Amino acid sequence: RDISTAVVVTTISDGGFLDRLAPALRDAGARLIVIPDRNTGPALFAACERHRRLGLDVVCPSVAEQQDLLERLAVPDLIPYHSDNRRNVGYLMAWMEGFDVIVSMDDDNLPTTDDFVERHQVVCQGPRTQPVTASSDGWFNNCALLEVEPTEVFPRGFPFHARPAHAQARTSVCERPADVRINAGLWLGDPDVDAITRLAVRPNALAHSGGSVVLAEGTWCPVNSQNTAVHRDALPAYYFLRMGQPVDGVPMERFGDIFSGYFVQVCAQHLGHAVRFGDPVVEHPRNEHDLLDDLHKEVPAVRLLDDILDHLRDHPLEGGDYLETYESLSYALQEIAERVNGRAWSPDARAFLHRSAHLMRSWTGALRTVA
């Protein structure tokens, strides 16, 4: 087989997270691509060099090396600094180097099992007739696969309009052909919920009790970039969306992977591919966060997400591969930006989609340059 895996992590830490992250990746021979930023100290580079001598295929390109690559691809202004958007550099590097699997992780996610890399290789099994999970309302709650206290929760990016009636939705499973290209692993401890839910019930994920599922066409669930494997064919549609666009004068943040998770998902289903949820599960002791500041950052995107998701269901895409389908998606977002209505759809909210669509096509143009 010889399935190559590259893990992508962007960080501003001192590199101490490598002590618990390297053994699972070293034993599998996977490559770790660490993306530092301008606000990243020199202790990270020393930590990578130490773990490299311990047998870890780790690379940590300086911002000078990153900017050289991005300048040669005619995209010097695509990826901003002082931002976790720089993980797109690791996406690009792994794709250029021909890795089969690109595993997006954060610097505070720790694998809980020895088969972490092997479980993420499921995005390489190809099309198979397999149990496929469908929902009557078109949504799946991946947090229902976990034991969560003190009450049930939905993942960050799950639409709010669908949450009340989701308990009455019918969940069915049947044997159908499917081609898994995205694998969203779950998380113990602090699950990936939005700031609203974390401020309200402070959820704690005890265990992974529901197994794994593969979602049918028409059944969606948000996908984050914290513990997610993407097959190299689907990576062109996995661009981490640039944040900072104001919605009614309030800049949005923390939703770069909410859009990327839905975008690669809509593109995958158009191409007959599927998204998987379940193992491998990581432990998430989330970084120290001002929850009221997280809330202030997430609300601008939360006010628009339900309308964007509804219009995406009514807009069929075109394309024969992920590059074409992602570009078709960018054009569909611009049409949605002018057709959608609501109090939150101020002129700057509509312009957010138009600028995002340009950046999406700037991302695809860079991939076409190396290809």
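Quick note: we count residues from 1 along the sequence shown, nothing fancier. Note that the rigid core is defined as the largest set of C-alphas that superpose within 1.5 Å between two forms.
Between 74-82 and 282-290, the larger root mean square Cα shift in 4 other deposited structures of this protein, once each structure is superposed on the rigid core, falls on 282-290. Stretches 322-330 and 53-61 differ in mean C-alpha B factor, with the higher average recorded for 53-61.
Higher mean CA temperature factor between 34-42 and 333-341: 34-42, per the PDB entry. Reading the B-factor column for the CA atoms of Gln245, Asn224, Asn287, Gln265 in the entry, the top value corresponds to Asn287.
Among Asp137, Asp257, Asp84, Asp115, the highest C-alpha B-factor in the deposited entry belongs to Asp115. In this PDB entry, the Cα temperature factor of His358 sits in the bottom third of its chain's modelled residues, the lowest group.
In this PDB entry, the Cα temperature factor of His208 sits in the middle third of its chain's modelled residues.
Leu304: CA B factor in the middle third of modelled residues in this chain (values from the PDB entry). In the deposited entry, the Cα temperature factor of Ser13 places it in the highest third of its chain's modelled residues. Ranked within its chain, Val282 lands in the highest third, by CA B factor from the PDB record.
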